[PDB]
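Remarks on the structure that follows.
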Amino acid sequence: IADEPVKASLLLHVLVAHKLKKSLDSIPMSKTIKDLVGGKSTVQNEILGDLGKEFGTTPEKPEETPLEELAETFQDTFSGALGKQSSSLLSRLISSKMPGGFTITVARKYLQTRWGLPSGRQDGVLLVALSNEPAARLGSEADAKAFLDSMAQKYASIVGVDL
Amino acid sequence: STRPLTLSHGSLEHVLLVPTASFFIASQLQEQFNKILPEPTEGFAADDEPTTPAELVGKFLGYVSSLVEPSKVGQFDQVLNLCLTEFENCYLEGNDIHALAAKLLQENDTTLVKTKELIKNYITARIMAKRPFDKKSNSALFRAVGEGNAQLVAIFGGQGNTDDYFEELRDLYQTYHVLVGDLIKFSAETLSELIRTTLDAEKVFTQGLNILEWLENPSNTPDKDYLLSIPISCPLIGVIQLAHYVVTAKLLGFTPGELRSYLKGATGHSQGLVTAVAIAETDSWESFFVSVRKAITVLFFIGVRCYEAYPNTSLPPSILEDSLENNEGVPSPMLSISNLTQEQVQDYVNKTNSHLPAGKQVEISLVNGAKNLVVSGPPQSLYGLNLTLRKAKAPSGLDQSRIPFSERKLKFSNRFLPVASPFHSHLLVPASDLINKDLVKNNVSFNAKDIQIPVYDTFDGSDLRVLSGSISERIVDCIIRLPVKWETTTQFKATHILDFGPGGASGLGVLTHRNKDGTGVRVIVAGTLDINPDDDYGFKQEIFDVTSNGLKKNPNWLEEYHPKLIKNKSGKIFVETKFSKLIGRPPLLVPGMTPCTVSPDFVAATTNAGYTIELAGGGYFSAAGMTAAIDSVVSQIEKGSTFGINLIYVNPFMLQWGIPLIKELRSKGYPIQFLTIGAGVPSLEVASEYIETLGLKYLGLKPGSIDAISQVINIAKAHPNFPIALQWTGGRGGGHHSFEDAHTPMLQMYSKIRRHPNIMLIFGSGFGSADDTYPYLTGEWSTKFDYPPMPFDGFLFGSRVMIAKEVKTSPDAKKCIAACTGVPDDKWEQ
Amino acid sequence: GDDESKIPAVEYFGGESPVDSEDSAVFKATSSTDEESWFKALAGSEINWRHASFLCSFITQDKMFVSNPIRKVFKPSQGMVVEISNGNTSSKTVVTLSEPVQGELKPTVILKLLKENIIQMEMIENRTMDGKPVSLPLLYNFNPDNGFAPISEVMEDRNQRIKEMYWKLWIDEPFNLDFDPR
Ligand SMILES: Cc1cc2nc3c(=O)[nH]c(=O)nc-3n(C[C@H](O)[C@H](O)[C@H](O)COP(=O)(O)O)c2cc1C
């Protein structure tokens, strides 16, 4: 499997999907953040603070831009880098759902071994984990590996690479 | 003699020298707190788990304070005063818990949840050991207020700031249950007595209003309807505004009379006007629980009598599904129309009111900004308005960039309000008399002599003290009859503004900021803790922070960008702007024109008249071709005189020979002052090459659209020290032009441009005389659109100079340029 | 209010990036001396010929803009000591640099107004054939009417002076350059 830098349209999509508390199919990219959030501006202004913590610079009023036009604008000055917010979002996802003790390195080598998926795939794989967060802590290790199989199968379906 | 006790969580540790006489109880506390302490995780990014050693001491402080009795001084008070003193001698180097919690959030992997847990645990532990904040905290703000540098006003939020007000009231009762405990039970006993007293209340309040029950147990909390219903929504917003006000005053260690005395004035929005008079009267902590009982009784009686007047009305599921299918929000008698003029919204109201009788009319209830209006009527006649409005709104996925500005479809966000009564609507008018009778029957009256600082009316903006009639009559009449004019009431002069309203980050504070940005009013969002990334409005931390970085005001664009006059030894008078200071010639340039500025005569004849002109790259095709022209310029002009070069950014071949040609002419000391990239803006990497390699004095740029301006700012960020001349040109310019109105993009971006001081913002496209430039030199041009003055550094004159004597333009073309009449801005798009 | 007198006055108007009292001072050059604070402290606060001299980053030769030699020479290195005499009126103000010459401290660079419209960065060498120190008068025009580059080096006979210095250093004859090379 060929290693590429993480796609900044999937990253943005995971942020908005996990942020509202929605799944990946419910929210299409052909929709502005103001439309999907509805009324609540308390969400909006700190979504605009979260996008500014990920990519840094944002366009003028990225509130009323479709997420194709916004993701495409991030491609200009993005290169594979999870940065601060998504790296901490995956740090509070593992330490809440993965069984106490499960480390990121475990999953990473596991993705490298079973699937052959390098670091540029594993960033986008971990973004699919967060966005479709499981309800309760998966105490059973096998249950955590049976979730990591189903989410790596959503990652392999979305990207379009056979696994 | 002391004995060391460590408290650790994996890698992070803290050592606390516990007295050996009572050490064997601190290891009894240490085991039981380290049981409460979870399993360690990498990054410490788990919630209910400390990230810092500071947050571990603050979690211990809160664990020990949870067991201490404020009556029975048990053994755990003599172990809090030694770990809270080390808190003060390890972390709190003067500043409060809030200004260092602001350090934690922005610097370490710290979240708002566990920061507000640390604030709660420290604040419970400080007041738990019987150590109330009694001293006068010397915040640089208040120091400046004492010295007279700073002036404060206390704004107060109304309805519709948030979807759920009750969550700010739950967060106040979560963080500050030790301090607010007095106000909550007092208000619960005033309302639960009124209910058995005032008739029909018991009917108005079904699930009752014993708020104590629903704040002890969040589980029983009813829907945000019984809560959203104004007989409950009003009083609990009355409560939360005082709860912010008292929590501020306590933390500071001032009496409500002292905090009131400091403020220049106070004001509220809609039904927040009662809180402003409730804090203006108050003098002492004892004389507070009479201002509380007044405020609560008023808001109760407005709520009850307005809900009995125009009631909530059931709505067909056929209207509700269509309204939430267009994302216009859940229908309610208040509708917010963002990003439109007042006249537009009143037009559309008149059009909808055409089909409706007098009893069902919709009417403009509020004006909460320049373009942020609220309308009120029956939900069905508001839907009827919304039907017309969705027929004007452009699709959100549309690109209009390739369409003329006059042909463009206006873009705006209409939404319904999280509220259950039409405030400032004629529908509630039959309640005014009943409210006034129920106030006088309980003897609630605000006396004009009792109010200490001025308090600004929502409708007309006048002081409430100078009122001839009843103050409690005027407040009601302002809430239920009169349309709030928020840009009229906030006409006071101040340095800071304090937002005690509910909402915080999306509160009334930020609304008033955007309404008043660039008048030098550093507004403070006093209702929440967080860091402003761009740092244009403050939060809770700079209320208390006892430093020099407490006084850091906002900018006043008319002042620091006021054009001056200055004079050299020769008695030559110069206009002094950010730009003319750098180049040492008037801030008037002649921009590279193909073919008007191709001629090496017209570049030298403009330079020898003491002005800055670009040589036009467009007219030359080879490094030799330009080099001859440059040399001819250099031979013609006087000694020390300069000029610049204009390179189009759509001709990659030109750039390819050009950029080297300048680079090596700079290396040979050729008098090339600056390079102006026209027809597009280079990327950060291309611009970073051009700025660091070609050894210019500043880089000209002609950004096309708003997006281009965004990129120009991003280059000005990357290279803060290097001067950039953003040469903004409207669509109404001559030659290769865009579809944009010259004004609007500035009215959006001008703030963001002026944040980076290196950018000499040079206006142009339209001008050919001093008269029409004068408004844009001064900054008064922007007063017409209802903005603060936004003055520009300098100008550029394309078309005006094309009929000058030293321009090579043929003598018959000059008669053809002259003959052209031309047209005012408005007509240019034809 | 239509009163030209109210208008501020300076020397030359220009060269001020948009990002931004002692008469007899002595500045010791340290290894870790900040170059900008140093040059500002040499320039002082008042905008005069001397201020141009230490803060302009380009001087004029003929029509060509070369890197400011005055800043290059006075670049702080360890052992340098600068004095500013008469540093309250420009007209009289002098800037003497001394450095460790053969171990001992000796005067090297005398920067002063030779005339109201002429600078002279009198350069001095001590290491000579006879011992008397050799002197090079590098002249410059201070024109405040050009607010961008008010310092234009006097190119008239600049080679004649430089040679005339090097003559006294190398040759042990009377200075004369009007002979046939052939
Ligand atoms: C004859 C003519 C030639 C121009 N050539 C150029 C050019 O080569 N590059 C460029 O960026 N802008 C060019 N412009 C645009 C001008 O730089 C400037 O934006 C415009 O003339 C100012 O508007 P005004 O004509 O209304 O004063 C040209 C304009 C005119 C009228």
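Tabulated results
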{"read-out": "Order of B:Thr110, C:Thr89, B:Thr267 under a 10 Å beta carbon neighbour criterion, fewest first", "value": "C:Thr89, B:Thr110, B:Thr267"}
{"read-out": "Under 17 Å from the C:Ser57 label point (7 Å along Cα→beta-carbon), backbone N, the stretch B:719-756", "value": "B:719-725"}
{"read-out": "Partner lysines for B:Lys567 [C-alpha distance under 17 Å; skip if fewer than 8 residues away on the same chain]", "value": "B:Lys578, B:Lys581, C:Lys6"}
{"read-out": "Dipole magnitude of the protein assembly as shown, debye to nearest 20 (Cβ charges: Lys/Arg +1, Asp/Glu -1, about Cα centre)", "value": "580 debye"}
{"read-out": "Amide N proximity, the stretch A:77-108 versus B:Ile531 label position 7 Å along Cα-to-Cβ, cut-off under 14 Å", "value": "A:84-85"}
{"read-out": "Environment charge of B:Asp771, counting only residues whose C-beta is closer than 14 Å and scoring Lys/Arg +1, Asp/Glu -1", "value": "-1"}
{"read-out": "Mean projected area (nm²) of the alpha-carbon convex hull when chain A is viewed from all directions", "value": "9.4 nm²"}
{"read-out": "Backbone N under 15 Å from the B:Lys393 label point (7 Å along Cα→Cβ), restricted to the stretch A:18-59", "value": "A:31-41"}
{"read-out": "³J(HN,Hα), Karplus 6.51/-1.76/1.60, whole Hz, each residue of the stretch B:650-663, x for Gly, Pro", "value": "10, 10, x, 4, 4, 3, 4, 7, x, 4, x, 4, 5, 3"}
{"read-out": "Calculated FRET efficiency for the pair B:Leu565/C:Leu177, C-beta based, R₀ 56 Å, to 0.05", "value": "0.60"}
{"read-out": "Two-site FRET efficiency, A:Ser140 against B:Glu363, from Cβ-Cβ distance with R₀ of 56 Å, rounded to 0.05", "value": "0.35"}
{"read-out": "Exposure proxy order (Cβ contacts within 10 Å, fewest to most) of B:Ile155, C:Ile171, B:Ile659", "value": "C:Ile171, B:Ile659, B:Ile155"}
{"read-out": "Estimated inter-spin distance, B:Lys814 and B:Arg3, nm [label 7 Å along Cα→Cβ]", "value": "10.2 nm"}
{"read-out": "Net length gained if the chain between B:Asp47 and B:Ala770 were fully extended (0.36 nm per residue, minus Cα distance)", "value": "254.0 nm"}
{"read-out": "For the protein assembly as shown, convex hull of alpha carbons as volume per residue, Å³", "value": "257 Å³"}
{"read-out": "Label-to-label distance, nm, for residues given as B:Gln106 and B:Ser622 (7 Å Cα→Cβ offset)", "value": "5.7 nm"}
{"read-out": "FRET E, pair C:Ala25, B:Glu93, Förster distance 45 Å, beta-carbon r, rounded to 0.05", "value": "0.75"}
{"read-out": "Ranking of B:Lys351, B:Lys639 by count of other Cβ atoms within 10 Å, fewest first", "value": "B:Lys351, B:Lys639"}
{"read-out": "Under-5 Å amide H pairs with C:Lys106, H placed in peptide plane, nonlocal only", "value": "C:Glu99, C:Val101"}
{"read-out": "Calculated [θ] (222 nm, deg cm²/dmol) that DSSP helices of n ≥ 4 give over chain B, each run adding -39,500 (n - 2.57)", "value": "-12500 deg cm²/dmol"}
{"read-out": "Cα-centred dipole magnitude for chain A, charges only on beta-carbon of K, R (+1) and D, E (-1), debye, nearest 20", "value": "680 debye"}
{"read-out": "Prolate/oblate/rounded call for chain C, Cα gyration tensor, a/c under 1.5 rounded", "value": "oblate"}
{"read-out": "Cα pair distances in chain B, grouped into 10 Å bins until the bin that holds the longest one, percent each", "value": "2, 11, 18, 19, 17, 15, 10, 6, 2, 0, 0"}
{"read-out": "Distance between modelled label sites at B:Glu692 and B:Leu12, nm, 7 Å Cα→Cβ extension", "value": "3.7 nm"}
{"read-out": "Cα centroid separation - the stretch B:97-167 against the stretch B:665-699, whole Å", "value": "47 Å"}
{"read-out": "Length gained when the stretch B:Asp182-B:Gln207 is fully extended (0.36 nm per residue, less Cα-Cα span)", "value": "6.7 nm"}
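Every number in this text was worked out from the coordinates using simple rules, so none of it is lab data. Backbone-built Cβ (ideal geometry, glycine too); neighbour counts: all protein chains shown.
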